[PDB]
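K.L.:
I am sharing model-v8.cif, which consists of mmCIF, C-alpha atoms:
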data_my_file
loop_
_atom_site.label_atom_id
_atom_site.label_comp_id
_atom_site.auth_asym_id
_atom_site.auth_seq_id
_atom_site.Cartn_x
_atom_site.Cartn_y
_atom_site.Cartn_z
CA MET A 1 -26.25 5.76 15.99
CA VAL A 2 -25.11 2.14 16.43
CA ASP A 3 -27.78 -0.57 16.47
CA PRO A 4 -27.99 -3.07 19.39
CA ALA A 5 -27.02 -6.13 17.35
CA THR A 6 -23.82 -4.40 16.19
CA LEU A 7 -23.06 -3.40 19.81
CA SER A 8 -23.59 -7.00 20.93
CA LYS A 9 -21.35 -8.42 18.17
CA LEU A 10 -18.69 -5.80 19.06
CA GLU A 11 -18.86 -6.96 22.72
CA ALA A 12 -18.62 -10.64 21.67
CA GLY A 13 -15.65 -9.66 19.49
CA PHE A 14 -13.94 -7.92 22.40
CA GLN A 15 -14.41 -11.00 24.62
CA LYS A 16 -12.96 -13.33 21.98
CA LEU A 17 -9.85 -11.14 21.77
CA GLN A 18 -9.50 -11.20 25.57
CA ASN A 19 -9.80 -15.01 25.69
CA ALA A 20 -7.34 -15.69 22.85
CA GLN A 21 -4.13 -16.34 24.79
CA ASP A 22 -1.94 -16.84 21.69
CA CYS A 23 -3.27 -13.70 19.97
CA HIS A 24 -0.43 -11.28 19.18
CA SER A 25 -2.29 -8.67 17.10
CA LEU A 26 -1.93 -4.91 17.54
CA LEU A 27 -5.76 -4.94 17.63
CA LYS A 28 -5.66 -7.01 20.86
CA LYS A 29 -2.81 -4.97 22.36
CA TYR A 30 -4.42 -1.52 21.94
CA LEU A 31 -8.15 -2.35 22.10
CA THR A 32 -8.41 -1.94 25.87
CA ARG A 33 -11.71 -1.91 27.75
CA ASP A 34 -11.41 1.91 27.86
CA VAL A 35 -10.69 2.37 24.13
CA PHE A 36 -13.48 -0.08 23.28
CA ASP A 37 -16.03 1.63 25.53
CA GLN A 38 -14.89 4.97 24.09
CA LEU A 39 -15.52 3.98 20.46
CA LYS A 40 -18.18 1.26 20.31
CA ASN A 41 -21.08 3.75 20.04
CA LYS A 42 -19.42 5.84 17.28
CA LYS A 43 -20.15 5.91 13.55
CA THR A 44 -18.78 7.81 10.52
CA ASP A 45 -20.94 9.99 8.27
CA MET A 46 -20.72 7.24 5.64
CA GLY A 47 -22.08 4.86 8.28
CA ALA A 48 -19.00 2.88 9.33
CA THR A 49 -18.84 1.41 12.83
CA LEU A 50 -16.11 -0.02 15.02
CA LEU A 51 -17.11 -3.46 13.70
CA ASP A 52 -16.21 -2.28 10.20
CA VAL A 53 -12.74 -1.54 11.65
CA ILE A 54 -12.24 -4.59 13.90
CA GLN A 55 -14.05 -7.53 12.28
CA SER A 56 -11.08 -9.02 10.39
CA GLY A 57 -8.94 -9.12 13.56
CA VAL A 58 -11.71 -10.77 15.56
CA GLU A 59 -12.20 -13.39 12.84
CA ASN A 60 -8.48 -13.80 12.19
CA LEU A 61 -6.80 -13.98 15.59
CA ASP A 62 -3.44 -14.64 13.93
CA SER A 63 -3.56 -11.18 12.24
CA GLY A 64 -0.44 -9.05 12.67
CA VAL A 65 -2.34 -5.73 12.70
CA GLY A 66 -6.00 -6.82 12.73
CA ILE A 67 -7.85 -3.66 11.66
CA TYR A 68 -8.70 -1.76 8.52
CA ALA A 69 -10.11 1.66 7.66
CA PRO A 70 -13.67 1.37 6.20
CA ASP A 71 -13.54 5.04 5.10
CA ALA A 72 -11.40 8.22 5.32
CA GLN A 73 -13.25 9.62 8.33
CA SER A 74 -12.65 6.38 10.24
CA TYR A 75 -9.07 7.45 11.02
CA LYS A 76 -10.50 10.36 13.05
CA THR A 77 -13.77 8.81 14.29
CA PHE A 78 -11.82 5.88 15.77
CA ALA A 79 -8.52 7.72 16.35
CA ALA A 80 -8.40 6.30 19.88
CA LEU A 81 -7.59 2.90 18.35
CA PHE A 82 -5.91 3.93 15.07
CA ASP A 83 -3.45 6.36 16.73
CA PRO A 84 -1.75 3.80 19.11
CA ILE A 85 -1.59 1.15 16.37
CA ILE A 86 -0.21 3.58 13.76
CA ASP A 87 2.35 4.67 16.38
CA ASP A 88 3.32 1.06 17.11
CA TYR A 89 3.54 -0.20 13.51
CA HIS A 90 5.24 2.91 12.07
CA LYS A 91 7.72 2.74 14.96
CA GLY A 92 7.14 6.05 16.75
CA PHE A 93 4.52 8.15 14.96
CA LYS A 94 2.66 9.75 17.86
CA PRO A 95 -0.93 11.09 17.98
CA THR A 96 0.56 14.60 17.85
CA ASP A 97 3.04 13.93 15.03
CA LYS A 98 2.25 15.07 11.50
CA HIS A 99 3.22 13.59 8.12
CA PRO A 100 4.86 16.15 5.74
CA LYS A 101 3.07 17.71 2.78
CA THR A 102 3.54 15.89 -0.55
CA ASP A 103 6.91 16.45 -2.17
CA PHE A 104 8.06 14.17 -4.99
CA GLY A 105 11.12 16.40 -5.07
CA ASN A 106 13.73 16.97 -7.75
CA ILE A 107 13.67 14.18 -10.35
CA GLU A 108 17.12 15.31 -11.58
CA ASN A 109 18.56 14.06 -8.27
CA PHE A 110 17.70 10.47 -9.18
CA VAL A 111 20.05 8.37 -11.28
CA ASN A 112 20.54 4.94 -12.73
CA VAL A 113 22.08 3.11 -9.76
CA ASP A 114 23.77 0.45 -11.91
CA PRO A 115 24.46 1.80 -15.44
CA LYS A 116 26.47 -1.31 -16.35
CA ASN A 117 23.75 -3.77 -15.22
CA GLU A 118 26.16 -5.58 -12.92
CA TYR A 119 23.97 -6.01 -9.82
CA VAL A 120 20.41 -4.68 -10.18
CA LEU A 121 18.04 -7.00 -12.05
CA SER A 122 14.95 -4.80 -11.64
CA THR A 123 13.66 -1.54 -10.13
CA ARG A 124 10.08 -0.89 -8.95
CA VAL A 125 8.29 2.02 -7.21
CA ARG A 126 4.68 1.54 -6.01
CA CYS A 127 2.15 3.83 -4.35
CA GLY A 128 -1.49 3.66 -3.25
CA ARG A 129 -4.31 6.19 -3.64
CA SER A 130 -7.90 6.47 -2.47
CA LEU A 131 -10.19 8.76 -4.48
CA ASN A 132 -11.67 11.70 -2.54
CA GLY A 133 -15.34 11.27 -1.61
CA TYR A 134 -15.48 7.45 -1.68
CA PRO A 135 -15.57 4.90 1.15
CA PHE A 136 -12.97 2.14 1.32
CA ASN A 137 -13.50 -1.53 0.43
CA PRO A 138 -15.31 -2.54 3.70
CA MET A 139 -18.19 -0.15 2.94
CA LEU A 140 -18.20 0.35 -0.85
CA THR A 141 -21.41 -0.68 -2.63
CA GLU A 142 -21.65 -2.33 -6.03
CA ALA A 143 -22.90 0.91 -7.61
CA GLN A 144 -20.03 2.88 -6.04
CA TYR A 145 -17.45 0.34 -7.28
CA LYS A 146 -18.86 0.66 -10.78
CA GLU A 147 -19.16 4.43 -10.86
CA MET A 148 -15.66 4.89 -9.45
CA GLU A 149 -14.16 2.53 -12.07
CA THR A 150 -15.95 4.64 -14.70
CA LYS A 151 -14.16 7.79 -13.51
CA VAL A 152 -10.80 6.02 -13.33
CA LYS A 153 -11.16 4.68 -16.89
CA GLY A 154 -11.77 8.28 -18.00
CA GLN A 155 -8.24 9.20 -16.91
CA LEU A 156 -6.62 5.90 -18.01
CA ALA A 157 -7.92 6.59 -21.53
CA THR A 158 -6.12 9.96 -21.69
CA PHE A 159 -2.62 8.79 -20.67
CA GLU A 160 -0.09 9.89 -23.32
CA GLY A 161 3.27 8.71 -24.62
CA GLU A 162 5.03 6.05 -22.55
CA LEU A 163 1.94 5.64 -20.29
CA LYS A 164 -0.59 4.78 -23.02
CA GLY A 165 -1.96 1.26 -22.50
CA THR A 166 -4.99 -1.00 -22.10
CA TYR A 167 -7.63 -1.35 -19.39
CA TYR A 168 -8.87 -4.89 -18.64
CA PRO A 169 -12.03 -5.13 -16.46
CA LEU A 170 -12.20 -8.30 -14.36
CA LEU A 171 -15.94 -8.33 -15.13
CA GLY A 172 -16.31 -10.40 -18.28
CA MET A 173 -12.59 -11.12 -18.62
CA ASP A 174 -12.07 -14.06 -21.01
CA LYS A 175 -9.84 -16.92 -20.01
CA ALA A 176 -7.25 -16.09 -22.73
CA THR A 177 -6.80 -12.49 -21.53
CA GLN A 178 -6.63 -13.96 -18.01
CA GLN A 179 -3.88 -16.35 -19.00
CA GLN A 180 -1.89 -13.49 -20.54
CA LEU A 181 -2.15 -11.40 -17.34
CA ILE A 182 -1.16 -14.49 -15.30
CA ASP A 183 1.89 -15.00 -17.58
CA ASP A 184 2.66 -11.27 -17.15
CA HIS A 185 2.21 -11.65 -13.37
CA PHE A 186 -0.35 -8.84 -13.60
CA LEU A 187 -3.59 -10.56 -12.51
CA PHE A 188 -5.21 -10.25 -9.11
CA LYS A 189 -7.96 -12.52 -7.74
CA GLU A 190 -10.33 -12.33 -4.78
CA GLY A 191 -8.42 -11.73 -1.55
CA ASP A 192 -7.49 -14.11 1.26
CA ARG A 193 -9.43 -14.63 4.50
CA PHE A 194 -8.04 -11.46 6.10
CA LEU A 195 -9.63 -9.41 3.31
CA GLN A 196 -12.82 -11.47 3.18
CA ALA A 197 -13.39 -11.04 6.95
CA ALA A 198 -12.83 -7.27 6.46
CA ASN A 199 -15.58 -7.32 3.81
CA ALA A 200 -12.96 -6.03 1.38
CA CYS A 201 -13.97 -8.18 -1.65
CA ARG A 202 -17.77 -7.74 -1.87
CA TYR A 203 -19.67 -7.37 -5.19
CA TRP A 204 -16.75 -9.08 -6.93
CA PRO A 205 -15.61 -8.39 -9.57
CA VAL A 206 -17.64 -5.22 -10.24
CA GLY A 207 -15.40 -2.13 -10.52
CA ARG A 208 -12.18 -4.21 -10.47
CA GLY A 209 -9.66 -4.05 -13.30
CA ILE A 210 -6.07 -3.97 -14.51
CA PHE A 211 -4.20 -1.40 -16.62
CA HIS A 212 -0.69 -1.67 -18.04
CA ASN A 213 1.12 0.51 -20.58
CA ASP A 214 2.16 -0.96 -23.92
CA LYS A 215 5.68 -1.84 -22.73
CA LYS A 216 4.47 -3.45 -19.48
CA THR A 217 6.62 -1.06 -17.43
CA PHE A 218 3.59 0.46 -15.65
CA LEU A 219 0.74 -1.33 -13.86
CA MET A 220 -2.42 -0.28 -12.09
CA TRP A 221 -4.88 -2.35 -10.10
CA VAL A 222 -8.25 -0.69 -9.70
CA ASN A 223 -10.16 -1.68 -6.56
CA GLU A 224 -7.98 -4.47 -5.25
CA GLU A 225 -6.97 -3.59 -1.67
CA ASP A 226 -7.18 0.13 -2.51
CA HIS A 227 -9.03 2.27 -5.04
CA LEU A 228 -5.74 2.53 -6.93
CA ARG A 229 -2.45 0.67 -6.65
CA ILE A 230 0.08 2.31 -8.97
CA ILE A 231 3.33 0.59 -9.98
CA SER A 232 6.23 1.56 -12.23
CA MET A 233 8.88 -1.10 -12.91
CA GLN A 234 11.56 -2.19 -15.36
CA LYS A 235 14.65 -4.31 -15.79
CA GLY A 236 17.91 -2.72 -14.60
CA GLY A 237 18.58 0.11 -12.13
CA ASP A 238 17.24 3.28 -13.79
CA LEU A 239 15.38 4.54 -10.72
CA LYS A 240 15.14 7.98 -12.33
CA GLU A 241 13.02 6.67 -15.19
CA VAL A 242 10.98 4.37 -12.92
CA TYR A 243 10.24 7.02 -10.27
CA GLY A 244 9.73 9.76 -12.88
CA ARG A 245 7.19 7.57 -14.69
CA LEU A 246 5.21 6.88 -11.49
CA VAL A 247 5.02 10.58 -10.66
CA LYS A 248 3.93 11.56 -14.14
CA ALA A 249 1.11 8.98 -13.91
CA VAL A 250 -0.13 10.06 -10.47
CA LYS A 251 -0.27 13.73 -11.53
CA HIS A 252 -2.10 12.74 -14.74
CA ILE A 253 -4.74 10.82 -12.77
CA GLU A 254 -4.97 13.69 -10.28
CA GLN A 255 -5.66 16.22 -13.08
CA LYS A 256 -9.35 15.29 -12.86
CA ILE A 257 -9.57 12.84 -9.89
CA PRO A 258 -8.75 14.28 -6.43
CA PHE A 259 -7.18 11.88 -3.94
CA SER A 260 -8.01 11.38 -0.28
CA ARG A 261 -5.21 13.05 1.69
CA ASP A 262 -5.13 13.88 5.40
CA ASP A 263 -2.97 16.64 6.92
CA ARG A 264 -1.83 14.42 9.77
CA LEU A 265 -1.56 11.04 8.07
CA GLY A 266 -0.95 11.88 4.39
CA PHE A 267 -2.53 9.70 1.70
CA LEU A 268 -5.34 7.61 3.23
CA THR A 269 -5.69 3.90 2.48
CA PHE A 270 -7.71 0.88 3.59
CA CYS A 271 -4.74 -0.50 5.55
CA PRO A 272 -3.04 1.64 8.29
CA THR A 273 0.38 0.10 7.49
CA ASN A 274 0.15 2.07 4.25
CA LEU A 275 -0.27 5.76 5.01
CA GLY A 276 1.93 8.82 4.52
CA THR A 277 3.81 8.44 1.19
CA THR A 278 2.26 4.99 0.57
CA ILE A 279 5.52 4.45 -1.36
CA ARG A 280 7.42 1.18 -1.64
CA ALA A 281 10.61 1.64 -3.66
CA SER A 282 12.51 -1.60 -4.31
CA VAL A 283 15.09 -3.38 -6.45
CA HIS A 284 15.95 -6.99 -7.10
CA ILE A 285 19.75 -7.24 -6.74
CA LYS A 286 22.39 -9.95 -7.03
CA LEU A 287 25.21 -9.29 -4.54
CA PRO A 288 27.51 -12.40 -4.66
CA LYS A 289 29.93 -11.33 -1.89
CA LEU A 290 27.37 -9.69 0.42
CA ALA A 291 24.99 -12.65 -0.04
CA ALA A 292 27.68 -14.80 1.63
CA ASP A 293 27.60 -12.63 4.80
CA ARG A 294 23.97 -11.64 5.20
CA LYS A 295 24.71 -10.22 8.67
CA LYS A 296 26.84 -7.51 6.98
CA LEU A 297 24.23 -7.05 4.20
CA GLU A 298 21.35 -6.46 6.65
CA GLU A 299 23.50 -4.15 8.78
CA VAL A 300 24.54 -1.97 5.80
CA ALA A 301 21.01 -1.93 4.40
CA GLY A 302 19.81 -1.00 7.92
CA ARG A 303 21.85 2.26 7.91
CA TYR A 304 19.63 3.54 5.07
CA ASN A 305 16.38 2.18 6.60
CA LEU A 306 16.10 -0.57 3.95
CA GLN A 307 14.54 -4.01 4.35
CA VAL A 308 16.18 -7.10 2.80
CA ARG A 309 14.21 -10.22 1.80
CA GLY A 310 15.44 -13.13 -0.36
CA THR A 311 14.39 -14.28 -3.85
CA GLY A 312 21.25 -17.78 -6.20
CA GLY A 313 22.11 -14.82 -3.91
CA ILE A 314 19.27 -12.53 -5.10
CA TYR A 315 17.48 -10.09 -2.74
CA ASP A 316 14.57 -7.65 -2.80
CA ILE A 317 15.65 -4.47 -1.03
CA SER A 318 13.14 -1.73 -0.25
CA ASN A 319 12.43 1.22 2.04
CA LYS A 320 10.62 0.22 5.22
CA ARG A 321 9.45 3.79 6.08
CA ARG A 322 6.16 5.19 4.69
CA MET A 323 5.24 7.87 7.28
CA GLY A 324 7.02 11.00 8.55
CA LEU A 325 9.18 11.59 5.45
CA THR A 326 8.43 12.92 1.98
CA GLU A 327 8.12 10.91 -1.21
CA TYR A 328 11.45 12.45 -2.23
CA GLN A 329 13.15 11.45 1.05
CA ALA A 330 11.88 7.86 0.88
CA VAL A 331 13.08 7.15 -2.65
CA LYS A 332 16.27 9.19 -2.25
CA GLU A 333 17.38 7.15 0.79
CA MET A 334 16.58 3.96 -1.15
CA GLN A 335 18.78 5.28 -3.99
CA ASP A 336 21.59 6.21 -1.56
CA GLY A 337 21.46 2.82 0.19
CA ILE A 338 21.62 0.87 -3.08
CA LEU A 339 24.53 2.98 -4.35
CA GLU A 340 26.33 2.23 -1.09
CA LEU A 341 25.48 -1.48 -1.26
CA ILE A 342 26.91 -1.55 -4.81
CA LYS A 343 30.07 0.32 -3.69
CA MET A 344 30.38 -2.21 -0.82
CA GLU A 345 30.01 -5.16 -3.21
CA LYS A 346 32.57 -3.81 -5.71
CA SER A 347 35.08 -3.08 -2.94
CA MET A 348 34.90 -6.48 -1.22
#
For the file at hand, write its structure as structure tokens.
P.N.:
Amino acid sequence: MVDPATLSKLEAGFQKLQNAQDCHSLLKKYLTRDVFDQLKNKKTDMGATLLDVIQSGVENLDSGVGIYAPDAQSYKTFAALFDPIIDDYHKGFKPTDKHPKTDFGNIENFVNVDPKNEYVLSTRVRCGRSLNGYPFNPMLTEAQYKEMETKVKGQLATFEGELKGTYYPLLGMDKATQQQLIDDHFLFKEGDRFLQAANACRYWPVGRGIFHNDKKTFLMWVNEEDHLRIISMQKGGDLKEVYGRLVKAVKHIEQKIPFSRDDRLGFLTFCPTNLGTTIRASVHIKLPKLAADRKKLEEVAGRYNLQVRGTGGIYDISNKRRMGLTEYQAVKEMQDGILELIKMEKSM
């Protein structure tokens, strides 16, 4: 299966990890001699090897995680490394644990969390999707990139109503269109060194592109870090509208384009930190009184499993959990935690 030069590079990679004293990656922690020897000779049907998993962490010793999935099967083929790292990063998701079946849940249970616009500047829900049958960035060919983009454009063209918009291929993008997408904060470029070393930006920019709806309240990136990155956002705190819009879009795409979904892991992506729901629900919020006692703000946010990161007292607050809960649960606890943060603010 695996050719001797790959095996030798894999061994040289292992040794580098072992000799890097200040390396803190999950790759280094869980790639033991035993795991390495167990996997090094294995290869997915699409031809991915352990090197296709490991290379970025070898090259980039300062990586947090240090590995990526070159295809869907790689999660299984190299489970003996993915499982312990998934467990570590997702804070207790064991080899035997299972992610729930998809459930976007009852849209009517979502509200506007700040109807008077007193606190929440903006709301945003994002998910990732791989398309069924395709390898991930580390293994995709130029022809695959192109043919996948073709399919995606098919579905983009048939969005209706609020979701209708424009597709902008990076290939042949003029500098005026570029400048507009920069001003919009909608453009992506070739990735950093972590992505380069993972071979996640080859054949650039073939098959890469950007779609937004007319109102610029919906955004897709095609073939950045994942086949699809799907984002709904707007000013204010109407999470109902934002979440509802995302879900409508995913189901429209899925009409004719099946996604890669695993029973154990949920929706499969190029990065293991982004499995399960793949959902990041967030708001930008101004909390004047809580901002003055961040200890209390982190603590309260913590009760609802929310992360707080800054930027005048503004914070981005989002769900930290992706795996082991439904789409509905993830966004509902975000909603509940923001409501409670608002009630806290008002009361103080």
K.L.:
Please provide as a list in words all residues within 8 Å of residue 80 of chain A, with the sequence filter that same-chain residues fewer than 4 positions apart are discarded (counting all atoms listed in the file).
P.N.:
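Surrounding residues, per the criterion: residues 35, 38, 39 and 84 of chain A.
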K.L.:
Could you spell out the hits of the PyMOL selection byres ((chain A and resi 103-107) around 7) on the shown file, as a list in words?
P.N.:
residues 101, 102, 108, 109, 110, 240, 244, 326, 327 and 328 of chain A
K.L.:
From the set A:122, A:217, A:8, A:117, which residue has the shortest atom-to-atom contact distance to residue 283 of chain A, counting only C-alpha atoms?
P.N.:
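Under the stated criterion, the closest residue is A:122.
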K.L.:
At what distance in Å, to one decimal, does atom CA of residue 264 of chain A lie from atom CA of residue 224 of chain A?
P.N.:
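Between atom CA of residue 224 of chain A and atom CA of residue 264 of chain A the gap is 24.9 Å.
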K.L.:
Using all atoms listed in the file for the distances, tell me which of A:25, A:223, A:49, A:155 is nearest to residue 88 of chain A.
P.N.:
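Of all the options, A:25 lies closest to residue 88 of chain A.
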K.L.:
Would you give the centre and edge lengths, in Å to one decimal, of a box along x, y and z around the listed atoms of segment 148-157 of chain A, with 4 Å added to each side, as JSON?
P.N.:
{"center_x": -11.3, "center_y": 5.9, "center_z": -15.5, "size_x": 17.3, "size_y": 14.7, "size_z": 20.1}
K.L.:
Run through the PyMOL selection byres ((chain A and resi 275) around 12) on the given coordinates and return the selected residues as a ChimeraX atom specification.
P.N.:
/A:68-69,72,75,82,86-87,89-90,93,98-100,127-130,226,260-274,276-280,321-327
K.L.:
Enumerate, as a PyMOL selection string, the residues matched when the PyMOL selection byres ((chain A and resi 53) around 6) is run on the file above.
P.N.:
chain A and resi 50-52+54+67-69
K.L.:
Which residue out of A:15, A:21, A:77, A:177 has the minimum interatomic distance to residue 33 of chain A when all atoms listed in the file are used?
P.N.:
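Among A:15, A:21, A:77, A:177, it is A:15 that comes nearest to residue 33 of chain A.
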K.L.:
Within 9 Å of residue 206 of chain A, counting only C-alpha atoms, which residues show up once you throw out same-chain ones fewer than 6 positions away? Write them as a list in words, please.
P.N.:
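After dropping sequence-adjacent residues, the list is residues 142, 143, 145, 146, 149, 169, 170 and 171 of chain A.
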K.L.:
Counting all atoms listed in the file, figure out which residue out of A:213, A:112, A:347, A:137 gets nearest to residue 159 of chain A.
P.N.:
A:213
K.L.:
Can you pull out the residues contacting residue 45 of chain A? Cut-off 12 Å, using all atoms listed in the file, and skip same-chain residues under 2 positions away; I want them as a PyMOL selection string.
P.N.:
chain A and resi 1+42-43+47-49+70-74+76-77+133-135+139
